[PDB]
Structure formats: C-alpha cells, structure tokens
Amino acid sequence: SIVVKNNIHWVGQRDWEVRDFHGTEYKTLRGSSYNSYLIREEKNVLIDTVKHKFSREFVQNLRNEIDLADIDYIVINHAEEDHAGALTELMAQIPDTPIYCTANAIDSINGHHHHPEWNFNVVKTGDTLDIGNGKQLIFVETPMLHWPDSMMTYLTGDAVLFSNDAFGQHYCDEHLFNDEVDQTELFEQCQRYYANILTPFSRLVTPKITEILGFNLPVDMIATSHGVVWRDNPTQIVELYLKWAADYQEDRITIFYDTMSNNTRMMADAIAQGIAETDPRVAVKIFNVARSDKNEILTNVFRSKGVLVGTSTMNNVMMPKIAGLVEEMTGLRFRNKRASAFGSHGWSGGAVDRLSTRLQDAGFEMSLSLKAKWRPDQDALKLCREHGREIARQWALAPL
C-alpha cells in the first residue's frame, strides 16, 4: 500500500498488461490502474474496490494492512466491474459491513453481484458520515457522470476529493502522484479518456463542477479511481474538463476512411493537400480505420473543428468499419462540428450519400459531398484538391 496523505492509504491494483476496456472499444496502450483507498481514523473506511480478476490479491493485500473485521464502512462511488468487481469476494468475509452508495447504485451493485441481502445505505448530495478526529465524508451525487450510480466522496480536513472515474485516466505507473509521472503521457491519456467516454455527457459536466465549487470545500488532492492522484495543482484537470466540456475544438481537421483498392485513399490525400495549401493554420490528420487506432481517431475528432469521412461503395452500401465508427459517433454526440462525406464508386454508387446522411444523424453539420469513379486521374485529383480548398474556406475560423 502507498500513503496518499496522513491516514489515507492506496490499496488498489496496477494493471500494466491491460490493453482492452469496455470489450475492445477502448484500447489502453499504457495500461491502467484500479485505485482503492483505505481511510483509518477512529472509523475505518474502504472506498471502492478493484476489478474482479484481481479480487484475490485485493483481499489479501487488504488483510496485510488491516483486519477485515476492523473495517467499519464501505463506500461505493461507482458499481462498474473495475471498481466494484471484488465486492462479492470481500463481502463473503464481512457480510455485515454497511455499504454507502446512491439509490441507483443498489440497482447496479445487485445487478452484477445478486446479493441484495447486503446492508446498503442510500446517500444523497449533502449527506455526511463521521469517521472521527474531526473528519467526515461528504457525498455528492453525479448521475450520468458517467453512470446513473456515479457519485463522489469528499473527505474534510485532509481536503481529499474521491472522484472515482471523473478526472481519471488509464495510465499505469509505479509512482502514484501526478507530479511524479511523465506530463505528456499523462495529458494524452486524460484527453483520450474524456473524448471516448465523457463527450456525450459534456452538457452535464459544467453545471456539476459549478455546483461542487458552490460548496466552497478546499481541495488539496483529487484521488480518482484510475491513474494518478492529483496533488500538485490538482484543479488543473478540473480546468481541462471545463474546456473539454464546452464543445471543445481546435483549428484541426480529421480525415478518416476505409478503402478496398486505395481509390478513396487517393481522394483523402488530395483533399488534405488542398486544405493545407489553403489554410496553413489547420492541423490535418489522416487515418485508415482498418489500419489505425479507433480511439486515436475519436480523440482527433474531439479536438477537430470538422471531419471528412471516406468510404467506397460496397454492395450498394458503405464499408462496415466506417458504418460501425459512425454509429459510435452517433452515441458520442459531438457538438458544433462540421462534416463532408467522400469516396470512390464503380458504377451506381450510393455509399457516399448514405454516409453523409448518417453523419448528419450523428449531429455533424454536413457540407457537400465529393464523389469519384474508380481510380482518380490527374483531372479527378484536381477536383479532390479543390474540394479541400472549398472545405478549408468554409470551415475557416478566422478570415484569410
């Protein structure tokens, strides 16, 4: 275990090997961690657990830190399997131990564990839990951030905010604190996390942070459930969340496509050139969805002011990976972004219009489409270059 602050002990689990989260929908290229915390004042409080596959090690390590019978209260901020997965294993040893959580958490905890006989205690925003020595836990409900059961626990005196998923990132390191790790690698994982997970809940992020700041409670540390503990200027991740929530976009255009014989690829490269030689301020990224990291693509879309999506016409419809990715974007609900569909066809085509429509369904403001037959020759590549020019002029943030 690692001493977080005074009597706060990190008793979680590092995961260096993990490469897949939420099925295979979130690639964790730098691993992750599952942060559990043991607070030992007059009362002994355990905050969240770890993933189920590390339950054996979790309980054993917990035994080495404290007798399980001496644990007074258990707090569950979030009942997703990576934070409450070791719950059944632990409650088998101490079934009478009270569990403090939201009303929605009872549904989610029981939904996974099927032990409704456990002693649940419904908490709501403002509720307190005294642990002795002048310190107490203050609960704040954060529904749909990112789950209905989500909440945060604040420890007075030590001024430590247990935010669970919020302000966390999938980043594994032997050092626990943010000022002890690589800042660049830390920022990438933080932005990668929000873009792929918290984007559809951005409208809720700002009012919640505003509400919490209204409590006027000091924050010395922010102990998330994933990644580093923010102790050195901890509110820096809060400020990033405020910026990322306000329909974040840079002067950047993300182009991604799928192709069977490189015809659409040729179009994408010609479009990109037209943009770069029209607007030097625009950062341009290009991805083949069949050969690229899906989450890296989505992170760029989040940072971009607009995207161009390419697909060849395959069996009167679009290519599956493109359709799949667009479907996911429909759930992420990106805002204040523009889009243009393009692609090659053999005869009748139809996949470009089909794509443009679904992008509109995903919330993108659609510009005109670009279509080409078979492999683009020099003349066709000019039209693609010109399309990029028209896009660059239409999507220009400042005049030029």
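All residue numbers refer to positions in the sequence shown, first residue = 1.
Chemist: Could you check the entry and say whether 96 to 104 or 304 to 312 has the higher mean CA B-factor?
Modeler: Stretch with the greater average CA B-factor: 96 to 104.
Chemist: Going by the mean C-alpha B-factor recorded in the entry, which is higher: 161 to 169 or 131 to 139?
Modeler: Comparing 161 to 169 with 131 to 139, the higher average CA B-factor belongs to 131 to 139.
Chemist: Whose CA atom has the top B-factor in the entry, of 337, 358, 333, 40?
Modeler: Max CA B-factor in the entry, restricted to 337, 358, 333, 40: 40.
Chemist: Of the options 151, 205, 271, 74, which has the highest CA B factor as deposited?
Modeler: Across 151, 205, 271, 74, the entry lists the biggest C-alpha B-factor for 205.
Chemist: Taking the entry's C-alpha B-factors for this chain, is residue 391 in the lowest, middle or highest third?
Modeler: Tercile = highest for this residue's CA B-factor.
Chemist: Can you tell me which third, lowest, middle or highest, the CA B-factor of residue 379 falls into for its chain?
Modeler: Residue 379: CA B-factor falls in the highest third of its chain.
Chemist: Split the chain's modelled residues into thirds by Cα B-factor; is residue 21 in the lowest, middle or highest one?
Modeler: For residue 21, whose C-alpha B-factor we compare with every modelled residue in the chain, the answer is the highest third.
Chemist: Determine, from the deposited record, the chain-internal third of the Cα B-factor for residue 324: lowest, middle or highest.
Modeler: Lowest third.
Chemist: Determine, from the deposited record, the chain-internal third of the Cα B-factor for residue 32: lowest, middle or highest.
Modeler: Middle third, going by the recorded CA B-factors of the chain.
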